[PDB]
Amino acid sequence: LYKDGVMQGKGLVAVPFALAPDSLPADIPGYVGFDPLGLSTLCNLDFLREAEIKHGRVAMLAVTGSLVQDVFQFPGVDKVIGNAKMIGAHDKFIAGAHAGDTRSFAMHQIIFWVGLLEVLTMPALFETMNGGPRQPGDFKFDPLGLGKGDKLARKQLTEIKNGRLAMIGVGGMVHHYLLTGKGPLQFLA
Amino acid sequence: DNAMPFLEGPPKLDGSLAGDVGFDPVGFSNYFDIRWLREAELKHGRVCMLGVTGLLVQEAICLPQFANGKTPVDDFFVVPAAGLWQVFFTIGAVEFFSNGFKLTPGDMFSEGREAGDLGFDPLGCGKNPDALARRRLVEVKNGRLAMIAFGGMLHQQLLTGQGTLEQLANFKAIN
Amino acid sequence: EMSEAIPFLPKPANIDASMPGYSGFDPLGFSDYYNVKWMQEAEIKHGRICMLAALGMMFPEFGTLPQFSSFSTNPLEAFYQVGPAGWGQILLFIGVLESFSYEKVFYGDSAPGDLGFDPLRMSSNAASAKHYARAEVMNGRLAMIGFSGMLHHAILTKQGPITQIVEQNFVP
Ligand code: CLA
Ligand code: CLA
Ligand code: CLA
Ligand code: CLA
Ligand SMILES: CC1=C(C#C/C(C)=C/C=C/C(C)=C/C=C/C=C(C)/C=C/C=C(\C)C#CC2=C(C)C[C@@H](O)CC2(C)C)C(C)(C)C[C@H](O)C1
Ligand SMILES: CC1=C(C#C/C(C)=C/C=C\C(C)=C\C=C/C=C(C)/C=C/C=C(\C)C#CC2=C(C)C[C@@H](O)CC2(C)C)C(C)(C)C[C@H](O)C1
Ligand SMILES: CCCCCCCCCCCCO[C@H]1O[C@H](CO)[C@@H](O[C@H]2O[C@H](CO)[C@@H](O)[C@H](O)[C@H]2O)[C@H](O)[C@H]1O
C-alpha cells in the first residue's frame with residue numbers, strides 16, 4: 001500500500017481506547033485503525049468495502065454536481081425547473097412528470113439507466129463475495145491507462161479518502177439546504 | 001478501639017483502611033467484598049462533598065444562562081432537561097473511563113486496583129506517604145460528614161422551602 | 001449433592017454451573033427430558049425478546065416517534081393502531097434476524113445464544129464475560145416476569161404501566 005505502516009495499514013491506531021476488530025484486516029486501502037463500534041463484524045467485509053466505495057463515488061459526483069449546478073445551468077433547464085436547485089429539483093421533476101409534462105423526465109431517465117447498470121453489475125458483487133479475483137471497487141475501468149502501474153496504489157488511498165470527504169460534504173450541502181434553501185455557494189457567501 | 005464495645009469486633013475489619021474504628025454492627029463486610037464497600041463509601045462521600053458545596057454555592061450564585069429557583073433543590077427543576085441529560089451522560093462517560101470499562105463487582109478489581117484510587121492526582125499531592133495516610137483519613141471522614149450534612153441540608157431545604165444559610169438565619173420552627 | 005435453589009431436593013443432573021444462569025433450579029425436571037442446549041437457546045431468546053418488550057411497554061409513555069405521536073399510550077391499542085404494512089415490515093425484519101438463528105440452531109454448534117453479535121467486544125475480558133453471561137440471563141428472566149405483569153395489567157386497566165402507577169389504578 002501507499003506508505004504502508006505510516007499513512008495506512010499495520011500498526012496505526014486511530015482511537016486508542018476503542019481498538020478496531022482483529023477480524024478487520026490490514027491490507028485494505030484506507031485502513032487507518034478506525035472501527036470503534038466494531039461494525040465490521042456485523043456484515044461481510046467485501047460488501048462493506050464495496051458499499052463504502054460506491055457511497056463515496058456517488059457522493060463525489062454529488063458534490064461536483066452540487067457546485068456546478070450553482071455555477072452553470074444547461075440551456076433550457078430554466079424553462080422546466082426555473083430558479084430551483086438541489087433537493088427541490090428532483091421533486092419538481094417528478095411533479096412535472098406527475099403533471100403530464102412530456103419533457104421533464106430527467107430523473108426517470110437517470111433512474112432507468114443507473115438501475116440497469118446496477119442490475120447488470122450485481123454479479124460482480126456476487127463473484128467478489130465468493131472470494132473471486134475481483135477486489136471491491138475494481139471494475140477494470142481505466143480508459144486513459146493512468147493508474148497502470150504502481151501509481152494505482154496512491155490513487156486508491158486518495159480515492160477512498162476523497163470519497164469519505166465527499167460523503168460528508170453532500171450531507172452538509174443537503175441539510176444546509178433544508179433549513180434555508182439556496183445552495184452551497186449561495187450559502188457560503 | 002471498638003466503636004461498639006458490647007459487640008465483638010468485625011473479623012473482616014483489620015484496621016488497615018483509613019477510618020476503621022471497628023464500626024460494622026450489621027456486618028456488611030461479612031457478606032460483601034471490602035474493596036467494593038470502600039469504593040462505594042468514597043464515591044458517596046465525594047459526591048456528597050461536591051453536593052454540600054453546590055447547595056452552599058447555588059443558594060447565592062446563579063449563572064446568567066440559567067434562571068435561579070427559590071431553593072438550591074428547586075434549582076434542579078428550572079434547568080433545561082437536555083442540560084441535565086448532558087450532565088448525566090458526561091458523568092456516565094467519567095464513570096466508564098475512570099474504571100477502565102469495568103463497572104461491576106465481578107470485574108472492577110480484577111486487575112488488583114485500589115478501592116477509591118482512580119489515578120486522579122493532578123496537582124502533585126501524593127508523594128509524601130505520611131501526608132497520604134492522614135489525607136486518606138481526612139478524605140473518608142469528611143466524606144461521611146458531608147454525607148450526613150448533605151442529607152440534612154437537602155431534607156431541611158425541602159421542608160422549610162428556603163436555603164441553607166437562609167435557614168441558619170431567621171430560623172422558624174414547626175408548629 | 002443437593003440443588004442450590006431448593007436445598008431439600010437433589011441437584012438436577014443435566015444442568016451444570018457452566019451454564020451462565022445456573023442456580024440449580026429445575027424442580028419439574030425439564031432438563032431430564034428435553035434437550036438442555038435447546039432450552040438454553042430458548043430461554044435466552046425469550047428473555048431477550050422480553051427485555052426489548054419490557055422496555056417498549058414503558059417507553060411510549062416517555063415519548064413517541066413524531067410520526068406515531070397520535071398513537072395511543074396503551075400498548076394494546078397501539079398494537080392495533082399500527083397498520084399491516086408497518087407490522088409486515090417488523091415481521092420481515094424479525095425474519096431476517098431469525099434466519100441467522102435458524103442456521104445456527106439447526107445447522108451449527110455454537111454456544112447457546114451466540115449469533116455472533118458482539119461488536120463492542122465486551123466479552124474480551126474473562127471476568128467481565130462471566131458477569132455479562134450471567135447478567136443477560138438474569139435480566140432476561142426478570143424481563144420475562146415484568147412483561148408478563150405489564151401485559152396482564154394493561155389488559156385490566158387499558159393504560160400503560162407508568163400511567164396506571166401514577167393514577168394508582170391497582171384494583172380491577
Ligand atoms: C462537545 C462539547 C459540547 C458541546 C458542543 C455542547 C453544546 C451545548 N450544550 Mg453542553 N455540555 C458539555 C459539552 C458540550 N455541550 C459537557 C461536557 C457538559 C457537562 C459538564 C455540558 C453541560 C451542559 C448543560 C448543563 C447545558 C448544556 C447546553 C448546551 C447547548 C446550549 C445551546 C442551547 O441551549 O440550545 C440547544 C437547545 C435545544 C432545545 C436543543 C437541545 C440540546 C441538544 C440535545 C444539545 C446537543 C449537544 C451535543 C450532543 C453535544 C453534547 C456532548 C455531550 C457528551 C455532553 C449546546 C448545544 C444547555 C442545553 O442543552 O440547553 C437546552 C444546558 O443547559 N451543556
Ligand atoms: C450524483 C450525481 C448527480 C446527480 C444525481 C445530478 C442530478 C442533476 N443534475 Mg447534475 N452534475 C453532476 C452530477 C449529478 N447531477 C456532475 C458530476 C456534473 C458535472 C461536474 C453535473 C453537472 C450538471 C449541470 C451542468 C446541470 C446538472 C443538472 C442536473 C439536474 C437535471 C438532470 C440532468 O440533466 O443532469 C445533468 C448531469 C450531467 C450532465 C452530469 C453527468 C456526468 C457524469 C456523472 C459523468 C460520469 C463519467 C464517468 C466516467 C462514468 C462512470 C460510469 C460507471 C463506469 C461508474 C439533476 C438534479 C441540470 C440542472 O437541473 O441544473 C440545476 C444542469 O443544468 N448537472
Ligand atoms: C419486543 C419489542 C418491541 C415491540 C414489538 C415494539 C412494538 C411497537 N413499538 Mg416499541 N420500543 C421497544 C420495543 C418494542 N416495541 C423498545 C425497546 C423501545 C425503546 C427504544 C421502544 C420505543 C418505542 C417508541 C418511542 C415508539 C414505539 C412504538 C411502537 C409501535 C410501532 C412500531 C415502532 O415504531 O417501533 C419502534 C421501536 C423501536 C425503534 C425499537 C427498536 C429496537 C431495536 C430492534 C434494538 C436495537 C439493537 C441495538 C441497540 C442496535 C444498535 C447496535 C449498534 C450499537 C452496534 C409498536 C406497537 C411507537 C408507538 O406506536 O408508540 C405509541 C413509538 O412511537 N416503541
Ligand atoms: C414484577 C412483578 C410484578 C409486579 C411488581 C406487579 C404489580 C402489580 N400487579 Mg401484577 N402480575 C405479575 C407481575 C407483577 N405485578 C405477573 C407475572 C402476573 C401474571 C400474569 C400478574 C398479574 C396480575 C393481575 C391479574 C393483577 C395484578 C395487579 C397488580 C397491581 C396490584 C397488585 C396488588 O397489590 O395486589 C395483588 C397481590 C396479591 C393478590 C397478594 C398475593 C398473595 C400471594 C400468596 C403472594 C404471592 C407472591 C409471589 C407470587 C411470590 C411467591 C412466593 C414463593 C415462595 C413461591 C400491581 C401494580 C392487579 C391490577 O393491576 O389490577 C388493576 C391485578 O388484578 N397483577
Ligand atoms: C448485545 C450487546 C449490546 C446490545 C444491547 C441491548 C441494547 C441491551 C439493552 C437492553 C434492555 C432492553 C434490557 C431490559 C431489561 C428490562 C427488565 C429487566 C426491566 C424489567 C421490569 C420488571 C422488573 C417490572 C415492571 C413492574 C411491572 C410488572 C408492574 C409495575 O407496577 C411496576 C414495575 C414497572 C416495577 C451492545 C449494543 C452494548 C453492544 C455489545 O457489543 C453487544
Ligand atoms: C467530526 C469527527 C469525525 C466525524 C464524522 C462524522 C460522524 C460524520 C458525519 C456525517 C453526517 C452526520 C452526515 C449525515 C448525512 C449525510 C447524508 C445523508 C448525505 C447526503 C444526503 C442527501 C443527498 C439527501 C437527500 C434527499 C434527497 C436527495 C431527496 C429528497 O426527497 C429527500 C432528501 C432531502 C432526504 C471523525 C470521524 C473525523 C472523528 C473525529 O474525532 C470527530
Ligand atoms: C412482535 C410480533 C409481530 C407480529 C404482530 C403483527 C400483528 C399484525 C396485526 C395488527 C395490525 C393491524 O390489524 C388490525 O388493525 C385494525 C385497526 O388498525 C384492527 O381493528 C380493531 O382492532 C381491535 C379489534 O380487532 C380493536 O381493539 C381496535 O380498536 C380496532 O381498530 C383489526 O383487528 C386489524 O385489522
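Chain naming here is simple, since letters A, B, ... match the order of the sequence lines and numbering starts at 1 in each. Excluded from the calculations below are hydrogen atoms, water molecules and symmetry mates; all remaining heavy atoms, backbone and side chain alike, are included.
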- Task: Can you check whether anything in residues 3-38 of chain A gets within less than 4.5 Å of chain C, heavy-atom wise, and list it by number?
- Result: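 Residues in range: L19(A), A20(A), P21(A), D22(A), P36(A), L37(A), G38(A).
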Atom [atom1] of [X]: over 12 foreign heavy atoms under 6.0 Å:
X: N83(A); atom1: CG; result: no
X: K130(C); atom1: NZ; result: no
X: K161(A); atom1: NZ; result: no
X: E1(C); atom1: CD; result: no
X: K92(A); atom1: NZ; result: yes
X: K182(A); atom1: NZ; result: no

